[PDB]
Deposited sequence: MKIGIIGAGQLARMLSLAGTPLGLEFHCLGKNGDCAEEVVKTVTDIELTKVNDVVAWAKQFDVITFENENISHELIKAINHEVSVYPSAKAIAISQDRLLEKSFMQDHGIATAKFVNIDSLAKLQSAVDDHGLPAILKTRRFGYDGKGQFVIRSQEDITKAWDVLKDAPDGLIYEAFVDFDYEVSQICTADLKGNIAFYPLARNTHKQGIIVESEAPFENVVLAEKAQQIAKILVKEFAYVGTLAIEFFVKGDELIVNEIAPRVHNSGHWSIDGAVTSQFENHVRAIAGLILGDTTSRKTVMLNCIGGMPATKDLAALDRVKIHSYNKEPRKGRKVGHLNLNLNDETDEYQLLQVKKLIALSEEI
């Protein structure tokens, strides 16, 4: 069986690392210098606007998936008509647009930040009059890791926010700034028949808009049950197949956003679960029964901008190293480290690895 992946970044790289021992063959749509290249059968560079060419490429394979939900949902529809794409175009369409994503939650009685679609300065003023400050003016369709938005803290920030973002193609959304206690995510995988394998909750820490640490299992039986029920609603309404990620605020579970894919907050599962989020995404789309997800306490630390020297990491002999072999650039995800946490030696190694990261990080 051949699996085509749109994208050749680190998520594609790890899908192939996880899925290759199952005997599956991986092919990417992306560039020669992208980090999945060395671990997949082929990489083919086709502009995603050239729809018939992309569809022609896809038809070489038995099933298609993707690593970035910001892709054209029409392109996915076009492909899916010829060869199965997982997960669904509906999941992509709703998750990639902040207004559609939040409206979906509201339509099913699921809590989110208060939000308003913004089509004018007057509408934004009204949204601020109604739901208060601080708030964020975000684009509906652009943006990664806190970028492409404007935090509104005062009445003067309003016109400034509008003036910066007003011309964003495909529009804008006001979100009330949620004052959360902490953040958690629910990652799960739905197989071809809609059976869901759940991971425990992970507690995630963001720094400057980017995830820097993820801890699992986060043990709270009540929140976990609420999280799982929301996941089930999503899987059913999207007819979802694959790994799905839902990020929450806790303060009451409040949905932050969803990602129809393997997600950074699940990277711990490579070394902390019997079957990782990556192996299970692959098994899901391949029409296979999912792997057991029994998990053990693990911490995941992100390497942003830079990464400690491998020789320094290797000296901490229980740390599991996940370098993506990417180019260091301020703010860029270049790798992560996982560590199982059982005893005091693990705590000691964790301190040493955090120190190493503090010296290599560039956000």
| query | finding |
| --- | --- |
| Coordinate gaps, deposited numbering | 252-253 |
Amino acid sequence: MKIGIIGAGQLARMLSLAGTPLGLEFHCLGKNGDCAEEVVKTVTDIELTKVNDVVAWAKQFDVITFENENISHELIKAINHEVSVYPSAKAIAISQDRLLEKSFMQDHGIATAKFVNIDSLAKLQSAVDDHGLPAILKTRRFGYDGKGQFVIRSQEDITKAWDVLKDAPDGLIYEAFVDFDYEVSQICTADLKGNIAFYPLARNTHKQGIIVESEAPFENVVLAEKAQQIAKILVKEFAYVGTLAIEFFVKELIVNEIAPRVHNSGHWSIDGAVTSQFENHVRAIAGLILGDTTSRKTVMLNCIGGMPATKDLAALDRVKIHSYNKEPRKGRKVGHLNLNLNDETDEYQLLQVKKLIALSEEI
From here on, numbers count along this sequence of modelled residues.
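C-alpha atoms forming the largest set that superposes within 1.5 Å between two forms make up the rigid core.
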{"item": "Farther-lying stretch by C-alpha RMS in 4 other deposited structures of this protein (rigid core fit) among 139-147, 185-193", "value": "139-147"}
{"item": "Which of 265-273 and 163-171 lies farther from this form in 4 other deposited structures of this protein, as RMS of C-alpha positions after a rigid core fit", "value": "163-171"}
{"item": "Mean temperature factor over C-alpha atoms, higher-scoring stretch between 42-50 and 333-341", "value": "42-50"}
{"item": "Stretch with the higher entry mean CA B-factor, where the candidates are 221-229 and 272-280", "value": "221-229"}
{"item": "Residue with maximal Cα B-factor (values as given in the PDB entry) among 191, 292, 101, 163", "value": "163"}
{"item": "Out of 198, 238, 144, 248, highest CA B-factor residue", "value": "144"}
{"item": "CA B-factor ranking of residue 6, expressed as a third of its chain", "value": "lowest"}
{"item": "Third of the chain's Cα B-factor distribution that residue 148 belongs to, per the entry", "value": "highest"}
{"item": "Chain-relative CA temperature factor third for residue 266", "value": "lowest"}
{"item": "Chain-wide C-alpha B factor ranking for residue 318, given as lowest, middle or highest third", "value": "lowest"}
{"item": "Third assignment of residue 207 from its chain's C-alpha B-factors", "value": "highest"}
